[PDB]
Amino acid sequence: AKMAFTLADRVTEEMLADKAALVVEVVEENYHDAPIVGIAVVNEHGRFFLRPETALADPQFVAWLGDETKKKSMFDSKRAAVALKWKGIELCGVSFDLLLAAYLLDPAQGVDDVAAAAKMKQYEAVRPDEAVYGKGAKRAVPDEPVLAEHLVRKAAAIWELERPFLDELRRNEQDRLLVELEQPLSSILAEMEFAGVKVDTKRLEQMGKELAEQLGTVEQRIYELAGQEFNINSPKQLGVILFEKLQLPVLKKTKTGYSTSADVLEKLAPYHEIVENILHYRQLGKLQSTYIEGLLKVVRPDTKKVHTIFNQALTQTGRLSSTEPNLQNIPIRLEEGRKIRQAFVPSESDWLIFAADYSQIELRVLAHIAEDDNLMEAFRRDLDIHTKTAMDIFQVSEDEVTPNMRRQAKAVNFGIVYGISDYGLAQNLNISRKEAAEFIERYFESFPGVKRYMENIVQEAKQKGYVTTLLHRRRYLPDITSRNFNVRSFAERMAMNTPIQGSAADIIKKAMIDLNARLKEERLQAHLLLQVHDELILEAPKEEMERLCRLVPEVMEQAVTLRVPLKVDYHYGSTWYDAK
């Protein structure tokens, strides 16, 4: 059953053909400055394994890697490209990435190794990575014969599966989505991750100290008000204090005990002074554990940068996610947590942080896809969309919209985008199902095009088996035909929400590609650092701000043409916090 290959001791010309499947193996999950443990090449001339110390010191091999006219097919080329950037080696000419291809064909399969992708086309002559390397404490690179066979089998699978994957993408009208959107984006994400974001660790450490002080003060107040010391971070020890010793009302349960989620606590606050303190303690503790201690844990001590990894092949809607650290969930709503962003600073002297965000991109996308006359007109007038929604559903003039009315209309707008449900809206606004249902009815009366869209997209999902986004991303929804109400209803909300969230993802991905091309044409030093779903964060010399103020919003606004304008706001400053 074994697969034949040459275990090479040196690089030869036949390993440098102008088309090959290439494996540059990095086993560490976080590939930043990580070891390359082996290399495999499969091409018209045969199958080869190379030790990295050999290949990466070979000028002909390094030149071949960097030659855009020598085409490579890979799985997770970003991992290889970043590991190689840390070694000062450029990887070019990647014309097919099997991870991205599998992800576009069906994000729900959770493909995260070559074996998983291969199994989609009944190809099973390759082992799962976890079977070869193990996981956790037991993880390890195996001896060379085992490692080499595995890497060659992966390269061989890629070599075989490129054509059938590309053919299916073409049938789905997704080939341009792979080749013109996701693959070029992967190179841009590699650059962003490698550049990293500079952290002011002294500032973080100062914050940590002050937080520790306040945590102590609140911890003691809590013990004083409880008349006893306990582990506040145990939802179970806390449940006893709250609902037994102090007799607070049980407004909600969890399947293992009493709920102490913030929504429940907020309702209990009027009964006892301890509750406000538990909330404050939780807020501070979140900042301390996750955003100070957690961040400091992953800052590289030499450069004081953090280098996130953007998972490009995970979310079911086409968004990116971010890990180690997650730079897509840094606090902003509450001023206390917002100050964390003061610690993210430009990487060079006299540079600044520039941040540009789409204004209401999801509702603008909804206006476009639903062709709702009222919603399109609202955005053509650049109205405050929550005030407008309040005017319509509560039937009042702009003057007559109160803050509470705008607040409830805002929640309705979220619900509509998420996949509206009377129960979920009711939970969010703390009102009755019947009341939430009345709001939803008034909304559909004011935006009948949106109502028609929500009905039609659920029927389309049922008919075709999937829904699609602007640039032809797809999500299969098998549960749409379930005879279980709750299962089916969740699938219906995904049918409604995915073309909205996913088309917004497509637009900002295209914007990133267009922006990098413009930055290069203009030879600006400015470069992307982060994407947070509907916003792009850059750093640049202070002397480039004026040019960026014009260039970045324009590129983002013009990335696609919709039936309504796109609008981008922007800010810049000496830290991420100040880019407001």
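The first residue of the sequence shown is number 1, and the count goes up from there.
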Given 218-226 and 124-132, the range whose Cα B-factors average higher in the PDB entry: 218-226
538-546 versus 60-68 - greater average Cα B-factor per the deposited record: 60-68
Residue with maximal Cα B-factor (values as given in the PDB entry) among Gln283, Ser489, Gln459, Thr317: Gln283
C-alpha B-factor winner, where the candidates are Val11, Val23, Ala20, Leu562: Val11
Assigned third (lowest, middle, highest) for the C-alpha B factor of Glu182: lowest
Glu191, C-alpha B-factor rank within chain (lowest, middle or highest third): lowest
Third of the chain, ranked by Cα B-factor, where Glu53 sits: highest
For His533, the third of its chain into which the C-alpha B factor falls: lowest
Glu213 by Cα B-factor - lowest, middle or highest third of the modelled chain: highest
